[PDB]
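Step one of this worksheet: look at the structure below.
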Number of protein chains: 2
Amino acid sequence: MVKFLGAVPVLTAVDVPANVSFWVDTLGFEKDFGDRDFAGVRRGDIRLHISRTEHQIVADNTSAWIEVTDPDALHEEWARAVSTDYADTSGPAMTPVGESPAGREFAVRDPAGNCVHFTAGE
Amino acid sequence: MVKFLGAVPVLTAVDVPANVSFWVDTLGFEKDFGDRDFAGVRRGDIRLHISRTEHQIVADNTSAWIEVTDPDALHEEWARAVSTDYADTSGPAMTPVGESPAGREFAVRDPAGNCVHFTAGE
Ligand SMILES: [Cl-]
Ligand SMILES: [Cl-]
Ligand SMILES: [Cu+2]
Ligand SMILES: [Cu+2]
């Protein structure tokens, strides 16, 4: 029997080291490995990879979902360092907490353009 | 403290129903929900989301990593249903299994263009 053990989303970025710095320095993730072409970050029990792309439109259309135990707590933590004006696309930003078919959630748009959703999970 | 429980890659497709069918009908995943705009499939406890995109170039550069206990067995299971001619882009296909920077793995390119890597985990 083959068992499925875990999954790793891949964000894309035209400038990978700049996007890794956001996830690590501002959002508190840990860098696992990485160079200008491909990098991995991690936090808690989850991992994210970041792969270089030549096309900005790919990054502006990439997303991922992460389940966390307390999205409101997480949102208040990051609201100290990330803009809450999501409409302003001149930097990264985060949405308010809202409802989704999956439950409470908010999203972060990172400086590369990826949209990562942080949703309730138990 | 906030805990990070799981992560869900998002594959993209111009035709979501067709890509969902590959994953469910050909690769044996289960369908959790889905319409023409967004869908969710699952195997074991790992999940993948599939989001519609209007631009093929996004699907052609989207990717995901899934960890499994035995990539060689999994490749053999899927060899009677997925082409092994990776270079023929008229349909989905998969690579040979071999060592890579990520560990022993193979990849599948699904009909929508996404590349999903199946790697040995622990
Ligand atoms: Cl969205
Ligand atoms: Cl690749
Ligand atoms: Cu959007
Ligand atoms: Cu490639």
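In the structure tokens, chains take the letters A, B, ... in the order shown, each chain's residues start at 1, and ligands count up from 1 in the order shown.
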
Residues within 7 Å of stretch 23-33 of chain A, only C-alpha atoms, excluding chain neighbours under 3 positions, as number ranges by chain: A: 19-20, 39-43, 78, 81

Expected answer as a ChimeraX atom specification: helix (DSSP H, G or I) residues in stretch 6-111 of chain A: /A:16-26,56-59,71-79

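Using only C-alpha atoms and all ligand atoms for every distance, the candidate list B:116, B:48, B:68, B:102 yields B:116 as the residue closest to ligand 4.
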
Residues of chain B within 9 Å of chain A, counting only C-alpha atoms, as a PyMOL selection string: chain B and resi 1-12+43-49+53+55+57-71+73-74+121-122

Best match for closeness to ligand 4 among A:16, A:21, A:37, A:95, counting only C-alpha atoms and all ligand atoms: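 Of A:16, A:21, A:37, A:95, the one nearest ligand 4, counting only C-alpha atoms and all ligand atoms, is A:37.
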
DSSP strand (DSSP E) residues within chain B, as a PyMOL selection string: chain B and resi 4-13+30-34+38-43+46-52+63-68+93-94+105-109+115-120

Could you write out the selected residues, including N, CA and C atoms, as a short mmCIF file (atom, residue, chain, number, x, y, z; two decimals), in the first residue's frame?
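Listing of part_21.cif after writing:
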data_model
loop_
_atom_site.label_atom_id
_atom_site.label_comp_id
_atom_site.auth_asym_id
_atom_site.auth_seq_id
_atom_site.Cartn_x
_atom_site.Cartn_y
_atom_site.Cartn_z
N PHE B 4 -0.07 25.44 13.17
CA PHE B 4 -0.25 25.38 11.71
C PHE B 4 -0.42 23.92 11.39
N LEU B 5 -1.62 23.51 11.07
CA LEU B 5 -2.04 22.14 11.02
C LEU B 5 -1.81 21.44 9.70
N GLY B 6 -1.95 22.11 8.55
CA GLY B 6 -1.94 21.38 7.25
C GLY B 6 -1.90 22.42 6.16
N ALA B 7 -1.54 21.91 4.98
CA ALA B 7 -1.41 22.89 3.90
C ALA B 7 -2.01 22.27 2.65
N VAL B 8 -2.61 23.08 1.81
CA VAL B 8 -3.37 22.60 0.67
C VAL B 8 -2.89 23.34 -0.58
N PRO B 9 -2.18 22.65 -1.45
CA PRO B 9 -1.77 23.25 -2.72
C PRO B 9 -2.98 23.53 -3.58
N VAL B 10 -2.84 24.49 -4.50
CA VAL B 10 -3.91 24.85 -5.41
C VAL B 10 -3.36 24.66 -6.81
N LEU B 11 -3.87 23.71 -7.52
CA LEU B 11 -3.54 23.52 -8.95
C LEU B 11 -4.41 24.47 -9.73
N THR B 12 -4.12 24.88 -10.94
CA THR B 12 -5.04 25.81 -11.70
C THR B 12 -5.39 25.15 -13.02
N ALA B 13 -6.51 25.50 -13.60
CA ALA B 13 -6.94 24.86 -14.82
C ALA B 13 -7.89 25.79 -15.56
N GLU B 30 -10.50 11.17 -4.30
CA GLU B 30 -11.93 11.34 -4.17
C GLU B 30 -12.32 12.80 -4.39
N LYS B 31 -13.52 13.07 -4.90
CA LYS B 31 -13.95 14.44 -5.06
C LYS B 31 -14.61 14.94 -3.77
N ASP B 32 -14.07 15.99 -3.10
CA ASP B 32 -14.77 16.50 -1.93
C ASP B 32 -15.87 17.50 -2.28
N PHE B 33 -15.64 18.37 -3.27
CA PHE B 33 -16.66 19.31 -3.74
C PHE B 33 -16.21 19.82 -5.11
N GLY B 34 -17.00 20.59 -5.81
CA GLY B 34 -16.51 21.20 -7.01
C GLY B 34 -17.52 21.64 -8.04
N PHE B 38 -14.11 26.13 -8.91
CA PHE B 38 -13.22 25.72 -7.82
C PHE B 38 -13.60 24.32 -7.39
N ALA B 39 -12.60 23.47 -7.14
CA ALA B 39 -12.91 22.11 -6.73
C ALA B 39 -11.85 21.58 -5.72
N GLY B 40 -12.12 20.51 -5.01
CA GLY B 40 -11.26 19.95 -3.98
C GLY B 40 -11.27 18.45 -4.14
N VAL B 41 -10.10 17.84 -4.20
CA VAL B 41 -10.01 16.38 -4.25
C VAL B 41 -9.10 15.96 -3.09
N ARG B 42 -9.12 14.65 -2.83
CA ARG B 42 -8.43 14.21 -1.62
C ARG B 42 -7.97 12.78 -1.81
N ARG B 43 -6.87 12.45 -1.17
CA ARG B 43 -6.45 11.04 -1.12
C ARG B 43 -5.82 10.93 0.27
N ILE B 46 -4.48 13.74 2.46
CA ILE B 46 -3.94 14.99 1.83
C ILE B 46 -5.02 15.54 0.90
N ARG B 47 -5.11 16.86 0.71
CA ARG B 47 -6.08 17.50 -0.18
C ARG B 47 -5.35 18.32 -1.22
N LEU B 48 -5.97 18.48 -2.37
CA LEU B 48 -5.56 19.43 -3.34
C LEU B 48 -6.80 20.26 -3.74
N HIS B 49 -6.61 21.57 -3.91
CA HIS B 49 -7.68 22.38 -4.51
C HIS B 49 -7.35 22.60 -5.98
N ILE B 50 -8.37 22.88 -6.76
CA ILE B 50 -8.19 23.17 -8.19
C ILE B 50 -8.96 24.43 -8.49
N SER B 51 -8.32 25.48 -8.91
CA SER B 51 -8.97 26.78 -9.15
C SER B 51 -8.94 27.11 -10.62
N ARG B 52 -10.07 27.62 -11.14
CA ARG B 52 -10.09 27.97 -12.54
C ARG B 52 -9.22 29.16 -12.87
N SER B 63 2.73 24.18 -9.73
CA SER B 63 3.31 22.89 -9.29
C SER B 63 2.97 22.62 -7.83
N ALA B 64 3.20 21.41 -7.37
CA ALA B 64 2.90 21.01 -6.00
C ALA B 64 3.78 19.78 -5.70
N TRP B 65 4.11 19.61 -4.43
CA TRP B 65 4.85 18.40 -3.97
C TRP B 65 3.95 17.56 -3.07
N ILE B 66 3.89 16.24 -3.26
CA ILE B 66 3.12 15.43 -2.32
C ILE B 66 4.04 14.38 -1.76
N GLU B 67 4.10 14.14 -0.47
CA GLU B 67 5.00 13.08 0.03
C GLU B 67 4.26 11.77 0.18
N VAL B 68 4.88 10.68 -0.25
CA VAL B 68 4.24 9.38 -0.22
C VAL B 68 5.23 8.37 0.38
N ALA B 93 1.06 13.10 -18.58
CA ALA B 93 2.09 12.07 -18.62
C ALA B 93 2.92 12.04 -17.36
N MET B 94 3.77 11.08 -17.17
CA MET B 94 4.56 11.12 -15.92
C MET B 94 6.01 10.81 -16.21
N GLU B 105 11.78 10.61 -6.42
CA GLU B 105 10.43 11.04 -6.77
C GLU B 105 10.13 10.83 -8.22
N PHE B 106 8.88 11.04 -8.60
CA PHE B 106 8.54 11.18 -10.02
C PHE B 106 7.55 12.32 -10.14
N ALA B 107 7.31 12.80 -11.34
CA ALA B 107 6.27 13.83 -11.43
C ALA B 107 5.23 13.42 -12.47
N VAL B 108 4.01 13.96 -12.32
CA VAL B 108 2.91 13.82 -13.23
C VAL B 108 2.57 15.22 -13.72
N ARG B 109 2.37 15.31 -15.01
CA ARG B 109 1.86 16.57 -15.58
C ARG B 109 0.40 16.24 -15.89
N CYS B 115 2.28 20.53 -12.65
CA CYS B 115 3.21 19.45 -12.37
C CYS B 115 3.21 19.07 -10.91
N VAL B 116 2.85 17.85 -10.60
CA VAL B 116 2.79 17.43 -9.20
C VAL B 116 3.86 16.37 -8.97
N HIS B 117 4.70 16.64 -7.97
CA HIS B 117 5.80 15.72 -7.69
C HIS B 117 5.40 14.78 -6.53
N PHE B 118 5.73 13.51 -6.68
CA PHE B 118 5.41 12.48 -5.69
C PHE B 118 6.75 12.01 -5.12
N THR B 119 7.09 12.41 -3.89
CA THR B 119 8.43 12.16 -3.37
C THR B 119 8.51 11.25 -2.18
N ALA B 120 9.60 10.52 -1.96
CA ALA B 120 9.56 9.71 -0.73
C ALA B 120 9.61 10.56 0.51
#

Å distance separating atom CA of residue A:89 from atom CA of residue A:111, one decimal place: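 Atom CA of residue A:111 lies at a distance of 9.1 Å from atom CA of residue A:89.
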
Point-to-point distance from atom CA of residue B:80 to atom CA of residue B:92, Å rounded to tenths: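 These two atoms are separated by 13.0 Å.
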
Distance in Å - atom CA of residue B:97 versus atom CA of residue A:14: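 Between atom CA of residue B:97 and atom CA of residue A:14 the gap is 29.0 Å.
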